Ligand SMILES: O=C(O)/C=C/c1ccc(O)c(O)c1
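Only one chain is included here, represented as structure tokens and corresponding to the form solved without the named molecule.
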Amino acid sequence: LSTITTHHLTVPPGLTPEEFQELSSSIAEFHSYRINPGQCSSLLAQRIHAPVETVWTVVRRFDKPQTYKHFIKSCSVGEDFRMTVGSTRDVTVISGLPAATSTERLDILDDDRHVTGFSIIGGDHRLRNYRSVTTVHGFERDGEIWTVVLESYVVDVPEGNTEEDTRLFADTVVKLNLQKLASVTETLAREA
């Protein structure tokens, strides 16, 4: 019943075909998931007019997701926290429901290829077993540079929800966070 995601075969909304053809191999490598019934997966994309390493400095900051994410009341890490795979963070989410904290584990951190990813290991019943990967990519035309960020996830569809409603919620949130990422990092680039 399990299948393989097809994100690497379709142009993500927002991206040009030409951008996608350059990214196709990277989507297969980092944005491919094993999907079972009762699960759903999406790939989202955002163009940013900022250098790759400027964007990556924000995307890799596992201890401060609120720097580019919405609906975060607080994020606490350990006193001996170090940016290593396997570290965790406790994220308190604003949702209008009673106070709910998610524990998230850092799954990937590749400073050379600009790939990171995390898993919600407990605490969010909207996004049970959420797993996500973000990659950053540089582009150039005629001395003009820009960056594309790709963010994908897989998550369990909660009992009582349709896939479309879980997908639409999770997509809307990723889309909004990527917009904030674009604004934050574009500002950082203009200021130098």
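Numbers follow the displayed sequence, beginning with 1.
A.B. asks: Highest mean C-alpha temperature factor of the two stretches 37-45 and 140-148, which is it?
C.D. replies: Between 37-45 and 140-148, it is 140-148 that shows the higher mean C-alpha B-factor.
A.B. asks: If you average the CA temperature factors over each stretch, which comes out higher, 65-73 or 156-164?
C.D. replies: Higher of the two, by average CA B-factor, is 156-164.
A.B. asks: Using only the C-alpha B-factors in the record, can you name which of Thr84, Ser119, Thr116, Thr88 has the highest?
C.D. replies: Highest CA B-factor of the listed options: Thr84.
A.B. asks: Checking the entry, which one of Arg60, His31, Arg131, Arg126 has the top C-alpha B factor?
C.D. replies: By C-alpha B-factor in the record, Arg126 ranks first.
A.B. asks: Among the chain's modelled residues, which third holds the C-alpha B-factor of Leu106?
C.D. replies: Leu106: CA B-factor falls in the lowest third of its chain.
A.B. asks: Per the entry's values, where does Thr172 land by CA temperature factor relative to the rest of its chain, in the lowest, middle or highest third?
C.D. replies: Bottom third by C-alpha B-factor.
A.B. asks: Please place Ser25 in the lowest, middle or highest third of its chain according to the CA B-factor in the PDB entry.
C.D. replies: Tercile = middle for this residue's CA B-factor.
The discussion below concerns the form solved in complex with the named molecule, not included here.
A.B. asks: Open or blocked? Place the named molecule on this chain by superposing the surrounding C-alphas onto its site in the bound PDB entry, and call it blocked when 3 or more ligand atoms come within 2.4 Å of backbone or C-beta atoms.
C.D. replies: After the site C-alphas are aligned, the pocket of the shown chain is open to the transferred ligand.
A.B. asks: Test of understanding: in the bound PDB entry, would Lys69 fall inside 4.5 Å of the named molecule by heavy atoms?
C.D. replies: Yes.
A.B. asks: In the bound PDB entry, is there a heavy atom of the named molecule that lies within 4.5 Å of any heavy atom of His125, even though the partner is absent here?
C.D. replies: Close contact exists here: in the bound PDB entry, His125 approaches the named molecule to within 4.5 Å, heavy atoms only.
A.B. asks: Please check if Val91 has a heavy atom lying within 4.5 Å of any heavy atom of the named molecule in the bound PDB entry.
C.D. replies: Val91 belongs to the contact set for the named molecule.
A.B. asks: Can any non-hydrogen atom of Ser87 be found within 4.5 angstroms of the named molecule in the bound PDB entry?
C.D. replies: No, no contact at 4.5 Å.
A.B. asks: Using heavy atoms and a 4.5 Å cut-off, decide whether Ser102, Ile120 and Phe169 all contact the named molecule in the bound PDB entry.
C.D. replies: Checking in the bound PDB entry: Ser102, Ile120 and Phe169 are all within 4.5 Å of the named molecule.
A.B. asks: Pick from 52-60, 126-134, 32-40, 142-150: which stretch has non-hydrogen atoms within 4.5 Å of the named molecule in the bound PDB entry?
C.D. replies: Selected range: 126-134.
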